[PDB]
Each structure stands twice: as C-alpha cells, then as structure tokens.
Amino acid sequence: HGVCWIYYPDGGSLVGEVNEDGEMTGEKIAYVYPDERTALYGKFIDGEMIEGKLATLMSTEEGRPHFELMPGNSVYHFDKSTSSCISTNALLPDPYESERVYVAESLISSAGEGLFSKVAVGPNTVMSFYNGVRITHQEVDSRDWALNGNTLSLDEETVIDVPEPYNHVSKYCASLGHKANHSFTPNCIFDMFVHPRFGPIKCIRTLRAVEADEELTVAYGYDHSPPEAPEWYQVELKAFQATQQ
C-alpha cells in the first residue's frame, strides 16, 4: 500500500494508509499541523483523532511520512466544545501554539494581556487557535457587551466564547486566540481552521512577517454602521478615523 494525504484549506492535513473504504482509520494515522512538521500520530477512526501522540515529521520517503515520537506522554483526542464545556483538559496546551505564541501584558494602553510571537515568522503563518464554548447569536446579541469581550463569530449559526473564568490562562490555556488584542492596523487575521482536538474553529494567521516578541493583533471587525461595539473600540475607531483625513 501507499499512503494518502488529505489537506484542509488551512494547510493542516491527515496522512496515512487508508482502509478498504478510503477512510483514515488505523493505528498509524497522523494529523500534521501547517508547519508540515509538528504532528499528532496514532489511532484515528474515519479521520477523528482517538489517541494522537506528539511527534515530529522527520522526512517523507516515497510520500510516506516518517515520524519520531516526542518525549513525554503528550496525548490528544478529538474533544469538541459544547455550549457548556470548553474542554476536557483546559490546562493541556496545544503543542503547535505553545511554540509560536505567549501571553503577556499588552503594549496597547490599558488593554490588559495580549498575545505575542515567540519567534520570527513569515506571512500567512498560523499562530494561534480560537477555541471556546459554542453558543448562539441570539444569546450573545441579546446580552450586554460586558459579557461579550471574548465572543467570536464562527458561522451563521455559532459564536465561540471564552467566558469567565476561562479568560485567565491559569484556568484555561488549551488555546490562546482570545488573548489577541484589536488593531485597526493589524498584523494578523482570523481564518477558518479545522483542528484535530477542537474541531472546526478559527485561527490567528499572520498577514505579514512578524518579529520575535512582536504583539499579535487582529481587526475585531465590529459593525460600524448598524457602531455596534464596546466603548473602548468606539473611542479607538474615531482616532483611527482621524489618522487618515
């Protein structure tokens, strides 16, 4: 047998020998992150990760990936959030994200914490994942802005949220996308991402090269002509507007 690779639009992939029905089912299946090097390798059923052990893709020979397992016992499984459960392992970090970003005090005035790059990367680089509980637009839109600091629209049916107390990294650090602050001149964008542990979510992707220890920012993209937005954003929107005559 040969081997099949199935890529998502985001650059991640599933790879392995498929079974008789072309399904990613077996004991030597892997999800490979968009760096084409960090991998979760092990038991999958029809492409769902049952037990993925942290591995590094070392080479590919005739299309077949050759992995080395990382030391430790870092194991992961498909664990999609619900409306009330953000994660079965809130303190288990994503191994790809952990190498790319860290949380620290923001450089933006009075903005609390922010998300920073650990290393220099090029444009179009996935940096961080925005997982959270999955609730409805009705609930979010019909409640006060003070509850809506971390809400992210996923699609026409679902909003992802990281509600208190999970907005503190001491309580939740499985993903960190909710820590990226807003800018009207951002260095990153949100993009759809299909994650083997979190399921369909969004990620933070650079739109240009970024330096080590640079703060990562995204345009929150609130509706300016409904501005349906929190106060700090309205205050900052007028400034942005001033800057370009």
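Counting begins at 1, following the sequence as shown.
Gap check for residue 226 to residue 227: 4 to 9 deposited residues are absent from the model. Just going by the entry, 89-97 versus 118-126 on mean CA temperature factor gives the higher value to 118-126. Higher mean CA B-factor, judged across 233-241 and 18-26 from the recorded values: 233-241. Of the candidates 142, 175, 151, 81, the deposited coordinates give 142 the top C-alpha B factor. The entry assigns its greatest Cα B factor, within the set 135, 75, 111, 162, to 111. Remark: residue 167 belongs to the middle third of its chain, ranked by C-alpha B-factor as recorded. Compared with the other modelled residues of the chain, the Cα B-factor recorded for residue 200 ranks in the middle third. Ranked by Cα temperature factor within the chain, residue 33 sits in the lowest third according to the deposited record. Residue 57: CA B factor lies in the lowest third for its chain, per the PDB record. When the modelled residues of the chain are ordered by their C-alpha B factor, residue 184 lands in the highest third.
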